[PDB]
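Trainee: Handing you this structure, nothing more for now.
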Amino acid sequence: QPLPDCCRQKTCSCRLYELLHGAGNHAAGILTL
């Protein structure tokens, strides 16, 4: 039932935080003023 450990079984929220930090070239460029 717990299903694959998706970051503390948080529904795999890391998925969004992954593309945001890893493939977030668009987000980083904006976070750098």
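Per Swiss-Prot, chain A residues shown: 34-66, in order.
Every residue, even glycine, has its Cβ placed from backbone N, Cα and C.
Per Swiss-Prot, pyrrolidone carboxylic acid is recorded for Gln34, and the stated evidence type is similarity to another entry. Per Swiss-Prot, disulfide bond is recorded for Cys39-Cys45, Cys40-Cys47. Positions annotated as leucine amide by Swiss-Prot, on the basis of similarity to another entry: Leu66.
Thinking about packing and proximity, how do these listed features fit into the structure?
Mentor: When Cβ atoms from all protein chains are considered, those within 10 Å of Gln34 (pyrrolidone carboxylic acid) total 3, not counting its own.
Taken residue by residue with DSSP, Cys45 (disulfide bond) is part of neither helix nor strand, so it is coil.
When other Cβ atoms within 10 Å of the Cβ of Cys40 (disulfide bond) are tallied across all protein chains shown, the result is 12. DSSP classifies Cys40 (disulfide bond) as coil under the three-state reduction.
For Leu66 (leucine amide), the count of additional Cβ atoms within 10 Å of its Cβ stands at 4 [all protein chains shown].
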Trainee: Write out the long-range same-chain contacts of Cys47 (disulfide bond), meaning residues 6 or more apart in sequence whose Cβ is under 8 Å from its Cβ.
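Mentor: Expected: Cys39, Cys40.
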Trainee: Quick one: Cα separation, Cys45 (disulfide bond) versus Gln34 (pyrrolidone carboxylic acid), in Å?
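Mentor: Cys45 (disulfide bond) to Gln34 (pyrrolidone carboxylic acid), Cα-Cα distance: 14 Å.
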Trainee: Could you state the whole-number distance in Å separating the C-alpha atoms of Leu66 (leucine amide) and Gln34 (pyrrolidone carboxylic acid)?
Mentor: 44
